[PDB]
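Every number in this text was worked out from the coordinates using simple rules, so none of it is lab data. With ideal geometry, Cβ positions are generated from the backbone for all residues, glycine too; neighbour counts draw on all protein chains shown.
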Amino acid sequence: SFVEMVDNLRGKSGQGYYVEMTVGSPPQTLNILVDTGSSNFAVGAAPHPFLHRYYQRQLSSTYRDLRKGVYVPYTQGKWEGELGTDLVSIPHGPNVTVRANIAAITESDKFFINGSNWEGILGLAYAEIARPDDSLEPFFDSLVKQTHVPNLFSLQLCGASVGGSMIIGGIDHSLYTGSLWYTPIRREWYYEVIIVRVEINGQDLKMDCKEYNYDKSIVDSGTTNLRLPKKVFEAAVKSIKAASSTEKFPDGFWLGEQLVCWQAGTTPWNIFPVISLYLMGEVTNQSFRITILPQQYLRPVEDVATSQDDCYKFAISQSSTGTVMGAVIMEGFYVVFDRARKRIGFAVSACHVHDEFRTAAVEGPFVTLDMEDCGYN
Ligand SMILES: CCCCNC(=O)[C@@H](NC(=O)[C@H](C)C[C@H](O)[C@@H]1CSC/C=C/CSC[C@H](NC(=O)OC(C)(C)C)C(=O)N[C@@H](C)C(=O)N1)C(C)C
């Protein structure tokens with residue numbers, strides 16, 4: 001029954017992907033950011049300059065007050081609100097209604113985005129990282145417990161003004177080609193995975209693989225960039241600079257500050273390298289790799305002038321909280337969050353990225369010794 005959920009995601013570039021939801025009785029419609037990097041379901045519940053609508057608990061006859069406050073910080077942005085419960089449905093999801101924990105957002109700082117068209121956030125990770133503590137059941141746990149929806153979902157995020165699919169409860173095989181390759185979920189808090197090798201244009205970065213996972217690696221649809229620990233970021237940028245040294249870029253470009261522009265249709269994709277991330281596989285000493293094209297980590301942005309030139313921002317940034325495989329990494333792959341079997345699957349998406357001579361790819365099997373030493377403790 002998955003055809004009805006195809007294309008149920010929208011968004012603006014670099015502003016997150018959202019799904020339509022309803023809360024309360026009568027149903028109030030809201031666009032909800034899909035975030036696999038957090039575990040709280042929360043909605044704007046008071047006026048805000050950037051909110052065009054918001055949840056009005058007083059208009060819902062099924063609302064229940066939990067009489068408990070909550071604060072949630074993210075990498076960028078934070079909010080505090082009031083906990084309660086209400087009935088929740090997904091118009092272009094499964095045909096069910098669940099009573100779910102909802103945080104009613106009453107104050108926020110740099111959380112809502114001017115012109116993003118979403119008014120809340122759906123944290124899809126596990127209760128261990130829910131606020132204020134792991135006793136606040138996340139939405140997807142509630143959905144699985146109260147209905148017959150199988151315990152998995154998949155995400156097909158498509159680039160450019162953006163759209164995609166969140167298939168709730170299953171895998172839609174018309175949305176990807178080739179084989180699905182699975183990596184274990186190391187621990188059920190974030191969707192934590194283990195990166196065992198990194199290559200740039202086929203050249204091993206030759207770092208202790210622990211550095212790739214310092215202090216964790218996660219899959220996070222709510223983060224735009226590929227985010228890398230300091231040491232990995234520095235070696236990657238050095239390698240990308242060297243491969244593209246044909247041209248010169250402002251130093252702020254490599255920090256994500258300044259953007260780079262070329263005359264329309266002349267972007268020199270060939271001087272930027274592919275990046276291969278090797279992930280721990282399902283059998284002993286076995287891994288697989290996903291290959292990222294520069295069309296993914298050079299994110300297109302609107303020309304800051306009155307020109308018709310293609311402009312891009314560098315969508316790889318430095319992290320202090322581990323590797324984050326954000327939306328630019330997920331774009332062009334079909335990603336299966338198989339919570340029932342504690343694994344994440346990757347395949348080439350049907351909305352894959354087109355280069356004239358290179359192709360994003362998921363490839364295996366590879367042999368990799370001592371993969372367990374790559375996890376940080
Ligand atoms: C200070 C962090 C404290 C720890 N908090 C967490 O780990 C929380 N989870 C998280 O923070 C997640 C890891 C991230 C989460 O998805 C949050 C969701 S905030 C709502 C996101 C909406 C979509 S816009 C994406 C944005 N793009 C962006 O900034 O673009 C430029 C870089 C080009 C300017 C971005 O990337 N945001 C990152 C930074 C981020 O904050 N993501 C919860 C578990 C409590």
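In table form, for the structure just shown:
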{"read-out": "Long-range amide H partners of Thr36 with built H, under 5 Å", "value": "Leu124, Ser221, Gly222"}
{"read-out": "Whichever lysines have a C-alpha closer than 28 Å to that of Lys68, once near sequence neighbours (fewer than 8 apart) are set aside", "value": "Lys78, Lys110, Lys145"}
{"read-out": "Percent of Cα-Cα distances greater than 17 Å, calculated over segment 73-161", "value": "58"}
{"read-out": "All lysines inside 21 Å of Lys216 as judged from Cα atoms, apart from same-chain residues fewer than 8 positions distant", "value": "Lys206, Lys230, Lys231, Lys342"}
{"read-out": "Mean shadow area of segment 302-377 over all directions, Cα convex hull, nm²", "value": "9.1"}
{"read-out": "Approximate spin-label separation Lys241-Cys261, in nm, with each point projected 7 Å along Cα-to-Cβ", "value": "2.5"}
{"read-out": "More than 26 angstrom apart: percent of Cα pairs within the chain", "value": "51"}
{"read-out": "Value at 222 nm in deg cm²/dmol, rounded to 500, when DSSP H runs of n ≥ 4 in the chain each add -39,500 (n - 2.57)", "value": "-2000 deg cm²/dmol"}
{"read-out": "Rounded to whole Å, sorted largest first: equivalent-ellipsoid semi-axes of segment 30-126, Cα gyration tensor", "value": "19, 16, 14"}
{"read-out": "Convex hull (Cα only) mean projected area of segment 40-195, reported in nm² to one decimal", "value": "11.1"}
{"read-out": "For segment 302-314, 3J(HN,Hα) per residue [Karplus equation, 6.51 cos²θ - 1.76 cosθ + 1.60, θ = phi - 60°, Hz, x = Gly/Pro]", "value": "6, 4, 6, 10, 9, 9, 10, 10, 7, 10, 9, 10, 6"}
{"read-out": "Total formal charge among the other residues, if their Cβ is under 9 angstrom from that of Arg57, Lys/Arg +1 and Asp/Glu -1", "value": "-3"}
{"read-out": "Karplus-derived 3J(HN,Hα), 6.51/-1.76/1.60, for each residue of segment 353-359, Hz, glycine and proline x", "value": "8, 9, 10, 5, 10, 10, 9"}
